[PDB]
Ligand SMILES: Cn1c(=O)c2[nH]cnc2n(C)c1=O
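Shown below, as structure tokens, is a lone chain in the form deposited without this ligand; questions about how it binds or moves come after it.
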């Protein structure tokens, strides 16, 4: 991080509303921790996916006031979702799970405060 972490109204919303809804969802389980490509038998995962990202990592970052700005957290979420769409076959079950979470993410983000302020 070039910037210190802090708390903004948008980051607090991403934590207390958006992550709260996503973490507990029944389709969250493939996304709660980093992909372990050896354990899962995915030998080219790290050749294909340049920036792994997962909700466990995002949740820890939110808990530890890691982020400087909400866009940084948003970028992490969209990287996680994109990695799934890129790596997986369109017919893989995990793609449906990611799509379901994306819809929830978008629905919650639609009610986030739209001007960012430090707390």
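Numbering follows the first chain given and starts at 1.
Just so it is clear, the following notes concern the form solved in complex with this ligand, a form of the same protein that is not shown.
Each of 35, 42 and 94 comes within 4.5 Å of this ligand in the deposited bound form, counting any heavy atom. Mapping the unseen interface onto this chain, residue 67 falls outside it, with no heavy atom inside 4.5 Å of this ligand in the deposited bound form. Contact between residue 57 and this ligand in the deposited bound form is not found at the 4.5 Å heavy atom cutoff.
Taking the partner from the other structure, this ligand in the deposited bound form has a heavy atom within 4.5 Å of a heavy atom of residue 84.
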